[PDB]
Structures are given as structure tokens and as C-alpha cells.
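**Student:** This is structure_22.cif (mmCIF, N, CA and C atoms).
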```cif
data_query
loop_
_atom_site.label_atom_id
_atom_site.label_comp_id
_atom_site.auth_asym_id
_atom_site.auth_seq_id
_atom_site.Cartn_x
_atom_site.Cartn_y
_atom_site.Cartn_z
N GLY A 1 6.51 5.55 -20.90
CA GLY A 1 7.32 6.63 -20.33
C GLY A 1 7.13 6.68 -18.85
N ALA A 2 7.77 7.61 -18.19
CA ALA A 2 7.62 7.76 -16.75
C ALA A 2 6.33 8.47 -16.47
N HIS A 3 5.52 7.94 -15.61
CA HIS A 3 4.28 8.59 -15.29
C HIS A 3 4.49 9.38 -14.02
N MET A 4 5.02 10.57 -14.19
CA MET A 4 5.35 11.44 -13.08
C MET A 4 4.77 12.81 -13.35
N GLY A 5 4.52 13.54 -12.31
CA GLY A 5 4.01 14.87 -12.43
C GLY A 5 2.90 15.08 -11.46
N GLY A 6 1.72 14.77 -11.89
CA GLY A 6 0.57 14.92 -11.05
C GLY A 6 0.23 13.61 -10.45
N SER A 7 -0.25 12.70 -11.25
CA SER A 7 -0.45 11.38 -10.80
C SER A 7 0.88 10.64 -10.96
N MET A 8 1.15 9.73 -10.09
CA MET A 8 2.45 9.12 -10.03
C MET A 8 2.37 7.64 -10.06
N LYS A 9 3.27 7.02 -10.77
CA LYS A 9 3.35 5.58 -10.77
C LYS A 9 4.43 5.18 -9.77
N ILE A 10 3.97 4.90 -8.58
CA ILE A 10 4.80 4.67 -7.44
C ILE A 10 4.87 3.20 -7.12
N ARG A 11 6.05 2.74 -6.81
CA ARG A 11 6.26 1.42 -6.35
C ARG A 11 5.73 1.26 -4.97
N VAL A 12 4.98 0.26 -4.79
CA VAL A 12 4.41 -0.03 -3.55
C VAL A 12 4.92 -1.36 -3.09
N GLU A 13 5.45 -1.47 -1.88
CA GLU A 13 5.67 -2.80 -1.42
C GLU A 13 4.47 -3.28 -0.69
N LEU A 14 4.16 -4.51 -0.83
CA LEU A 14 3.04 -5.10 -0.14
C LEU A 14 3.52 -6.07 0.90
N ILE A 15 3.04 -5.94 2.11
CA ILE A 15 3.28 -6.99 3.06
C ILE A 15 1.98 -7.72 3.26
N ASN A 16 1.99 -8.99 3.02
CA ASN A 16 0.89 -9.82 3.35
C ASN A 16 1.38 -11.19 3.65
N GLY A 17 1.93 -11.27 4.82
CA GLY A 17 2.37 -12.51 5.39
C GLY A 17 1.47 -12.87 6.53
N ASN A 18 0.33 -12.20 6.57
CA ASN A 18 -0.67 -12.44 7.56
C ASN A 18 -1.48 -13.59 7.06
N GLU A 19 -1.73 -13.55 5.76
CA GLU A 19 -2.21 -14.67 5.06
C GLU A 19 -0.97 -15.47 4.70
N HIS A 20 -1.01 -16.76 4.84
CA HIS A 20 0.17 -17.54 4.60
C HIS A 20 0.41 -17.88 3.14
N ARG A 21 0.76 -16.86 2.40
CA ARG A 21 1.09 -16.98 1.00
C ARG A 21 2.24 -16.06 0.71
N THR A 22 3.31 -16.64 0.35
CA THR A 22 4.53 -15.97 0.02
C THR A 22 5.08 -16.65 -1.22
N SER A 23 6.35 -16.51 -1.47
CA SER A 23 7.01 -17.19 -2.58
C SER A 23 7.36 -18.64 -2.16
N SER A 24 6.51 -19.20 -1.26
CA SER A 24 6.65 -20.53 -0.65
C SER A 24 7.80 -20.51 0.37
N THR A 25 8.21 -19.31 0.64
CA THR A 25 9.29 -18.96 1.50
C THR A 25 8.76 -18.54 2.90
N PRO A 26 9.65 -18.30 3.88
CA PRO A 26 9.26 -17.80 5.20
C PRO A 26 9.04 -16.28 5.16
N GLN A 27 9.08 -15.65 6.31
CA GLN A 27 8.80 -14.24 6.43
C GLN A 27 9.97 -13.34 6.16
N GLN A 28 10.93 -13.85 5.49
CA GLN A 28 12.07 -13.06 5.12
C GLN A 28 12.04 -12.79 3.64
N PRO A 29 11.51 -11.65 3.24
CA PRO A 29 11.41 -11.30 1.86
C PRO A 29 12.65 -10.57 1.38
N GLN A 30 13.19 -11.00 0.26
CA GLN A 30 14.31 -10.32 -0.34
C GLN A 30 13.83 -8.97 -0.79
N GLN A 31 12.71 -9.00 -1.45
CA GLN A 31 11.93 -7.87 -1.77
C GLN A 31 10.53 -8.28 -1.47
N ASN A 32 9.67 -7.37 -1.25
CA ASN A 32 8.30 -7.71 -1.11
C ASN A 32 7.67 -7.59 -2.47
N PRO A 33 6.51 -8.23 -2.69
CA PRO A 33 5.71 -8.01 -3.88
C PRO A 33 5.52 -6.51 -4.08
N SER A 34 5.82 -6.04 -5.25
CA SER A 34 5.81 -4.64 -5.49
C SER A 34 5.14 -4.35 -6.80
N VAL A 35 4.59 -3.18 -6.90
CA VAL A 35 3.91 -2.75 -8.08
C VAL A 35 4.11 -1.29 -8.23
N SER A 36 4.20 -0.83 -9.42
CA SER A 36 4.26 0.53 -9.67
C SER A 36 2.84 0.94 -10.02
N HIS A 37 2.21 1.58 -9.10
CA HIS A 37 0.83 1.86 -9.16
C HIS A 37 0.60 3.35 -9.34
N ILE A 38 -0.42 3.67 -10.07
CA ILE A 38 -0.82 5.05 -10.43
C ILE A 38 -1.59 5.60 -9.19
N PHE A 39 -1.03 6.55 -8.55
CA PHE A 39 -1.66 7.20 -7.47
C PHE A 39 -1.97 8.61 -7.87
N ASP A 40 -3.07 9.08 -7.40
CA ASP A 40 -3.57 10.38 -7.68
C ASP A 40 -4.41 10.82 -6.52
N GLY A 41 -4.67 12.09 -6.49
CA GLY A 41 -5.40 12.68 -5.39
C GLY A 41 -6.86 12.84 -5.67
N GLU A 42 -7.31 12.17 -6.70
CA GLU A 42 -8.65 12.26 -7.13
C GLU A 42 -9.41 11.00 -6.74
N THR A 43 -8.69 9.93 -6.65
CA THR A 43 -9.18 8.70 -6.23
C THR A 43 -8.93 8.54 -4.73
N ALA A 44 -9.95 8.12 -3.98
CA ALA A 44 -9.81 7.81 -2.58
C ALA A 44 -8.74 6.77 -2.38
N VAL A 45 -8.10 6.85 -1.25
CA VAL A 45 -7.04 5.95 -0.87
C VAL A 45 -7.51 4.52 -0.95
N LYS A 46 -8.62 4.26 -0.28
CA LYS A 46 -9.21 2.90 -0.17
C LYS A 46 -9.43 2.28 -1.55
N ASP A 47 -9.69 3.11 -2.52
CA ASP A 47 -9.95 2.67 -3.85
C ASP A 47 -8.66 2.31 -4.54
N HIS A 48 -7.63 3.07 -4.25
CA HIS A 48 -6.29 2.74 -4.70
C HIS A 48 -5.88 1.42 -4.05
N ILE A 49 -6.26 1.28 -2.79
CA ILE A 49 -6.00 0.11 -2.01
C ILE A 49 -6.77 -1.10 -2.52
N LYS A 50 -8.06 -0.95 -2.85
CA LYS A 50 -8.81 -2.06 -3.44
C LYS A 50 -8.13 -2.57 -4.72
N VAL A 51 -7.51 -1.65 -5.46
CA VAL A 51 -6.77 -2.01 -6.66
C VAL A 51 -5.51 -2.76 -6.30
N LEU A 52 -4.70 -2.18 -5.44
CA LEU A 52 -3.47 -2.81 -5.00
C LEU A 52 -3.73 -4.18 -4.46
N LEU A 53 -4.71 -4.31 -3.56
CA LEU A 53 -5.07 -5.58 -3.00
C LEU A 53 -5.37 -6.56 -4.10
N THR A 54 -6.21 -6.15 -5.01
CA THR A 54 -6.55 -6.93 -6.12
C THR A 54 -5.37 -7.35 -7.00
N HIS A 55 -4.45 -6.46 -7.20
CA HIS A 55 -3.25 -6.74 -7.96
C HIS A 55 -2.30 -7.67 -7.20
N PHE A 56 -2.36 -7.62 -5.90
CA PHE A 56 -1.61 -8.53 -5.05
C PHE A 56 -2.40 -9.80 -4.74
N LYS A 57 -3.58 -9.86 -5.32
CA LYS A 57 -4.53 -10.99 -5.21
C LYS A 57 -5.10 -11.14 -3.80
N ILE A 58 -5.31 -10.03 -3.17
CA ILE A 58 -5.88 -9.94 -1.88
C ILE A 58 -7.31 -9.42 -2.03
N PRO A 59 -8.30 -10.00 -1.34
CA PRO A 59 -9.67 -9.49 -1.36
C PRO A 59 -9.74 -8.06 -0.88
N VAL A 60 -10.49 -7.27 -1.60
CA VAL A 60 -10.67 -5.87 -1.31
C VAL A 60 -11.37 -5.64 0.01
N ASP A 61 -11.89 -6.70 0.59
CA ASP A 61 -12.61 -6.64 1.85
C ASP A 61 -11.62 -6.32 2.99
N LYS A 62 -10.34 -6.49 2.70
CA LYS A 62 -9.29 -6.22 3.63
C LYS A 62 -8.83 -4.76 3.59
N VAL A 63 -9.35 -3.99 2.62
CA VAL A 63 -9.08 -2.51 2.37
C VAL A 63 -9.18 -1.71 3.68
N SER A 64 -10.02 -2.20 4.54
CA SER A 64 -10.25 -1.72 5.87
C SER A 64 -8.96 -1.70 6.70
N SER A 65 -8.23 -2.78 6.60
CA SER A 65 -7.08 -3.01 7.41
C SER A 65 -5.79 -2.71 6.68
N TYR A 66 -5.89 -2.16 5.50
CA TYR A 66 -4.71 -1.87 4.73
C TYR A 66 -4.49 -0.40 4.65
N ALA A 67 -3.24 -0.03 4.68
CA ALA A 67 -2.87 1.34 4.64
C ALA A 67 -1.54 1.49 3.96
N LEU A 68 -1.40 2.61 3.29
CA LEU A 68 -0.17 2.99 2.69
C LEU A 68 0.71 3.59 3.75
N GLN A 69 1.93 3.22 3.79
CA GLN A 69 2.83 3.68 4.80
C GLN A 69 4.05 4.29 4.13
N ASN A 70 4.61 5.29 4.77
CA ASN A 70 5.84 5.91 4.34
C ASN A 70 6.99 4.99 4.73
N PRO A 71 7.96 4.77 3.84
CA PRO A 71 9.09 3.88 4.12
C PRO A 71 10.12 4.43 5.13
N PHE A 72 10.11 5.72 5.41
CA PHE A 72 11.12 6.26 6.29
C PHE A 72 10.56 6.58 7.65
N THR A 73 9.45 7.22 7.65
CA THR A 73 8.84 7.71 8.87
C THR A 73 7.92 6.68 9.46
N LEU A 74 7.54 5.71 8.63
CA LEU A 74 6.61 4.64 8.97
C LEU A 74 5.23 5.19 9.27
N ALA A 75 4.96 6.37 8.74
CA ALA A 75 3.68 7.00 8.91
C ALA A 75 2.68 6.44 7.95
N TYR A 76 1.52 6.17 8.43
CA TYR A 76 0.49 5.61 7.63
C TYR A 76 -0.42 6.66 7.07
N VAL A 77 -0.96 6.38 5.94
CA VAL A 77 -1.93 7.21 5.34
C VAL A 77 -3.29 6.73 5.83
N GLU A 78 -3.87 7.50 6.71
CA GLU A 78 -5.13 7.21 7.32
C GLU A 78 -6.17 8.14 6.75
N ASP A 79 -5.73 8.81 5.71
CA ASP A 79 -6.47 9.73 4.96
C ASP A 79 -7.41 8.99 4.08
N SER A 80 -8.45 9.64 3.75
CA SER A 80 -9.42 9.15 2.86
C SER A 80 -9.01 9.39 1.43
N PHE A 81 -8.37 10.49 1.21
CA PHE A 81 -7.86 10.87 -0.05
C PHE A 81 -6.41 11.26 0.09
N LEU A 82 -5.67 11.03 -0.96
CA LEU A 82 -4.26 11.35 -1.03
C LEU A 82 -4.07 12.77 -1.45
N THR A 83 -2.99 13.32 -1.05
CA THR A 83 -2.62 14.64 -1.41
C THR A 83 -1.46 14.55 -2.39
N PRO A 84 -1.21 15.59 -3.20
CA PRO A 84 -0.03 15.65 -4.07
C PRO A 84 1.23 15.53 -3.22
N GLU A 85 1.16 16.12 -2.04
CA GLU A 85 2.23 16.10 -1.07
C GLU A 85 2.57 14.67 -0.63
N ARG A 86 1.55 13.84 -0.41
CA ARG A 86 1.76 12.44 -0.05
C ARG A 86 2.46 11.71 -1.18
N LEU A 87 2.00 11.98 -2.39
CA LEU A 87 2.55 11.38 -3.57
C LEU A 87 4.00 11.78 -3.75
N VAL A 88 4.25 13.06 -3.62
CA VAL A 88 5.54 13.61 -3.74
C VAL A 88 6.52 13.10 -2.72
N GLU A 89 6.11 13.04 -1.49
CA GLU A 89 6.93 12.45 -0.48
C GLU A 89 7.14 10.95 -0.68
N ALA A 90 6.18 10.31 -1.30
CA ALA A 90 6.30 8.88 -1.63
C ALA A 90 7.19 8.60 -2.84
N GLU A 91 7.05 9.38 -3.94
CA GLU A 91 7.93 9.22 -5.12
C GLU A 91 9.40 9.24 -4.83
N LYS A 92 9.73 9.83 -3.72
CA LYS A 92 11.06 9.83 -3.18
C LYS A 92 11.62 8.41 -3.08
N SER A 93 10.75 7.45 -2.80
CA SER A 93 11.12 6.07 -2.77
C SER A 93 9.99 5.10 -3.22
N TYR A 94 9.11 4.76 -2.31
CA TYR A 94 8.03 3.82 -2.53
C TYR A 94 6.94 4.09 -1.50
N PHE A 95 5.87 3.34 -1.59
CA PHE A 95 4.80 3.29 -0.60
C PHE A 95 4.80 1.88 -0.08
N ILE A 96 4.39 1.68 1.13
CA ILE A 96 4.23 0.32 1.61
C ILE A 96 2.75 0.11 1.89
N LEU A 97 2.25 -1.04 1.57
CA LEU A 97 0.87 -1.37 1.74
C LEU A 97 0.82 -2.54 2.70
N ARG A 98 0.40 -2.27 3.90
CA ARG A 98 0.45 -3.27 4.95
C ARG A 98 -0.88 -3.39 5.62
N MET A 99 -1.10 -4.52 6.28
CA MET A 99 -2.19 -4.63 7.18
C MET A 99 -1.79 -3.88 8.41
N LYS A 100 -2.62 -2.99 8.83
CA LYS A 100 -2.35 -2.13 9.94
C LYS A 100 -2.27 -2.90 11.24
N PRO A 101 -1.18 -2.75 11.98
CA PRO A 101 -1.05 -3.35 13.30
C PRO A 101 -1.96 -2.60 14.26
N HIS A 102 -3.05 -3.20 14.52
CA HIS A 102 -4.12 -2.63 15.28
C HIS A 102 -5.12 -3.74 15.55
N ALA A 103 -5.82 -3.66 16.64
CA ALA A 103 -6.80 -4.67 16.95
C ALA A 103 -8.01 -4.49 16.06
N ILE A 104 -8.56 -5.57 15.63
CA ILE A 104 -9.68 -5.56 14.79
C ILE A 104 -10.93 -5.34 15.62
N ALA A 105 -11.62 -4.27 15.37
CA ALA A 105 -12.83 -3.98 16.07
C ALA A 105 -13.99 -4.50 15.28
N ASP A 106 -15.01 -4.97 15.98
CA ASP A 106 -16.21 -5.48 15.36
C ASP A 106 -17.07 -4.32 15.01
N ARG A 107 -16.70 -3.72 13.95
CA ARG A 107 -17.37 -2.56 13.40
C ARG A 107 -18.81 -2.89 12.97
#
```
Please re-express this file's structure in C-alpha cells.

**Tutor:**
Amino acid sequence: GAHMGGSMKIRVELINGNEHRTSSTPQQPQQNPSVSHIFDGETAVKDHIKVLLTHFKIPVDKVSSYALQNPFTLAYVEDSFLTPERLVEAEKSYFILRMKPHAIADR
């Protein structure tokens, strides 16, 4: 059934053309790799991200540089935890999971 209400099964597009693995294609995706993932406000974002990464076959070590982004506003979730509001605004369409355009600091 539809997993909607509190926790949401939201389609996430993944961009990972930073690593050179695509559908053996160039950087023009018809669709991006997508998953309908269970998001909730009980699980930290990064943990949702470690899952997504893993489902997209990306090492969770990249969780650092990955963020959920809104498809319209292009706003990133830099939150540690998701809110119902984030989910709700996301169910409207999808979430995007991208490597954050930002310089990598030697943390």
C-alpha cells in the first residue's frame, strides 16, 4: 500500500556522476536513479542517507557530502534530523540526494 502519513515513502533522485558510474551513459540522465525511501523524523538524516547511499551502491563514508535537497527551492537539508514538515514538503514531489557543491574541508 501507500506508505504515507507519518513516515513517508518518498522518491529520491540520486545524483552521483561525481563517481564515474552511470548507465554507461554521459551526464544526461533521462531520470536519475531513484528510490522510494521511507523517511521519518525519528531517524537522523545521515542515517537515511547512509541507507540511500547504500541502496545506490555508494559508500556511506560519503554521507558527509550528501544531502537531501528540495526539487523546487533547491534547498538542502542540513539538518541532523528531519521534520514532518520536510517530509510533507517533499511528498509533494521527491527528494534529491546529491553530493553537496562545497569545498571539501580536511575535517

**Student:** Going by DSSP on the backbone, which bits of chain A are helix (DSSP H, G or I)? Write them as a short mmCIF file (atom, residue, chain, number, x, y, z; two decimals) with N, CA and C atoms, keeping the file's coordinate frame, please.

**Tutor:**
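Written out: states_17.cif:
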```
data_model
loop_
_atom_site.label_atom_id
_atom_site.label_comp_id
_atom_site.auth_asym_id
_atom_site.auth_seq_id
_atom_site.Cartn_x
_atom_site.Cartn_y
_atom_site.Cartn_z
N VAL A 45 -8.10 6.85 -1.25
CA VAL A 45 -7.04 5.95 -0.87
C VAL A 45 -7.51 4.52 -0.95
N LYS A 46 -8.62 4.26 -0.28
CA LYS A 46 -9.21 2.90 -0.17
C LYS A 46 -9.43 2.28 -1.55
N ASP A 47 -9.69 3.11 -2.52
CA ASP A 47 -9.95 2.67 -3.85
C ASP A 47 -8.66 2.31 -4.54
N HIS A 48 -7.63 3.07 -4.25
CA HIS A 48 -6.29 2.74 -4.70
C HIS A 48 -5.88 1.42 -4.05
N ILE A 49 -6.26 1.28 -2.79
CA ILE A 49 -6.00 0.11 -2.01
C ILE A 49 -6.77 -1.10 -2.52
N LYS A 50 -8.06 -0.95 -2.85
CA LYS A 50 -8.81 -2.06 -3.44
C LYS A 50 -8.13 -2.57 -4.72
N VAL A 51 -7.51 -1.65 -5.46
CA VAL A 51 -6.77 -2.01 -6.66
C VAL A 51 -5.51 -2.76 -6.30
N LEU A 52 -4.70 -2.18 -5.44
CA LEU A 52 -3.47 -2.81 -5.00
C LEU A 52 -3.73 -4.18 -4.46
N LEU A 53 -4.71 -4.31 -3.56
CA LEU A 53 -5.07 -5.58 -3.00
C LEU A 53 -5.37 -6.56 -4.10
N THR A 54 -6.21 -6.15 -5.01
CA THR A 54 -6.55 -6.93 -6.12
C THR A 54 -5.37 -7.35 -7.00
N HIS A 55 -4.45 -6.46 -7.20
CA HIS A 55 -3.25 -6.74 -7.96
C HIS A 55 -2.30 -7.67 -7.20
N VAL A 60 -10.49 -7.27 -1.60
CA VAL A 60 -10.67 -5.87 -1.31
C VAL A 60 -11.37 -5.64 0.01
N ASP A 61 -11.89 -6.70 0.59
CA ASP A 61 -12.61 -6.64 1.85
C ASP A 61 -11.62 -6.32 2.99
N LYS A 62 -10.34 -6.49 2.70
CA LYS A 62 -9.29 -6.22 3.63
C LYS A 62 -8.83 -4.76 3.59
N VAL A 63 -9.35 -3.99 2.62
CA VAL A 63 -9.08 -2.51 2.37
C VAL A 63 -9.18 -1.71 3.68
N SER A 64 -10.02 -2.20 4.54
CA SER A 64 -10.25 -1.72 5.87
C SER A 64 -8.96 -1.70 6.70
N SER A 65 -8.23 -2.78 6.60
CA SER A 65 -7.08 -3.01 7.41
C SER A 65 -5.79 -2.71 6.68
N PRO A 84 -1.21 15.59 -3.20
CA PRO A 84 -0.03 15.65 -4.07
C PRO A 84 1.23 15.53 -3.22
N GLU A 85 1.16 16.12 -2.04
CA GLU A 85 2.23 16.10 -1.07
C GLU A 85 2.57 14.67 -0.63
N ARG A 86 1.55 13.84 -0.41
CA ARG A 86 1.76 12.44 -0.05
C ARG A 86 2.46 11.71 -1.18
N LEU A 87 2.00 11.98 -2.39
CA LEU A 87 2.55 11.38 -3.57
C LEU A 87 4.00 11.78 -3.75
N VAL A 88 4.25 13.06 -3.62
CA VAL A 88 5.54 13.61 -3.74
C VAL A 88 6.52 13.10 -2.72
N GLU A 89 6.11 13.04 -1.49
CA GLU A 89 6.93 12.45 -0.48
C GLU A 89 7.14 10.95 -0.68
N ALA A 90 6.18 10.31 -1.30
CA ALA A 90 6.30 8.88 -1.63
C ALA A 90 7.19 8.60 -2.84
N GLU A 91 7.05 9.38 -3.94
CA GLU A 91 7.93 9.22 -5.12
C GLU A 91 9.40 9.24 -4.83
#
```

**Student:** Give me the residues within 5 Å of residue 37 in chain A as a ChimeraX atom specification, counting only N, CA and C atoms and dropping any in the same chain fewer than 4 places off.

**Tutor:** /A:8-11

**Student:** So that I have them on file, write out the residues from the current selection with N, CA and C atoms, as a compact mmCIF listing (two decimals), keeping the file's coordinate frame.

**Tutor:**
```
# COMPACT_ATOMS: atom_id res chain seq x y z
N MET A 8 1.15 9.73 -10.09
CA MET A 8 2.45 9.12 -10.03
C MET A 8 2.37 7.64 -10.06
N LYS A 9 3.27 7.02 -10.77
CA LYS A 9 3.35 5.58 -10.77
C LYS A 9 4.43 5.18 -9.77
N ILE A 10 3.97 4.90 -8.58
CA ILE A 10 4.80 4.67 -7.44
C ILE A 10 4.87 3.20 -7.12
N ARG A 11 6.05 2.74 -6.81
CA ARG A 11 6.26 1.42 -6.35
C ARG A 11 5.73 1.26 -4.97
```

**Student:** Which one is closest to residue 35 in chain A: A:55, A:86, A:107, A:62? Count only N, CA and C atoms.

**Tutor:**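 Among the listed residues, A:55 lies closest to residue 35 in chain A.
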
**Student:** Using only C-alpha atoms for the distances, tell me which of A:74, A:12, A:82, A:44 is nearest to residue 95 in chain A.

**Tutor:**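 Nearest to residue 95 in chain A: A:12.
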
**Student:** Within 6 Å of (-7.2, 6.6, 0.6), in the coordinates the file gives, what residues turn up when you count only C-alpha atoms, written out as a short mmCIF file (atom, residue, chain, number, x, y, z; two decimals) with N, CA and C atoms, in the coordinates of the input?

**Tutor:**
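Generated output (point_32.cif):
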```cif
data_model
loop_
_atom_site.label_atom_id
_atom_site.label_comp_id
_atom_site.auth_asym_id
_atom_site.auth_seq_id
_atom_site.Cartn_x
_atom_site.Cartn_y
_atom_site.Cartn_z
N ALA A 44 -9.95 8.12 -3.98
CA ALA A 44 -9.81 7.81 -2.58
C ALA A 44 -8.74 6.77 -2.38
N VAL A 45 -8.10 6.85 -1.25
CA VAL A 45 -7.04 5.95 -0.87
C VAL A 45 -7.51 4.52 -0.95
N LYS A 46 -8.62 4.26 -0.28
CA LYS A 46 -9.21 2.90 -0.17
C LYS A 46 -9.43 2.28 -1.55
N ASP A 79 -5.73 8.81 5.71
CA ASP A 79 -6.47 9.73 4.96
C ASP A 79 -7.41 8.99 4.08
N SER A 80 -8.45 9.64 3.75
CA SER A 80 -9.42 9.15 2.86
C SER A 80 -9.01 9.39 1.43
N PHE A 81 -8.37 10.49 1.21
CA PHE A 81 -7.86 10.87 -0.05
C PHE A 81 -6.41 11.26 0.09
N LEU A 82 -5.67 11.03 -0.96
CA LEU A 82 -4.26 11.35 -1.03
C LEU A 82 -4.07 12.77 -1.45
#
```

**Student:** So which residues touch residue 83 in chain A within 8 Å, counting only C-alpha atoms, skipping near sequence neighbours fewer than 4 positions away, as a ChimeraX atom specification?

**Tutor:** /A:40-41,87
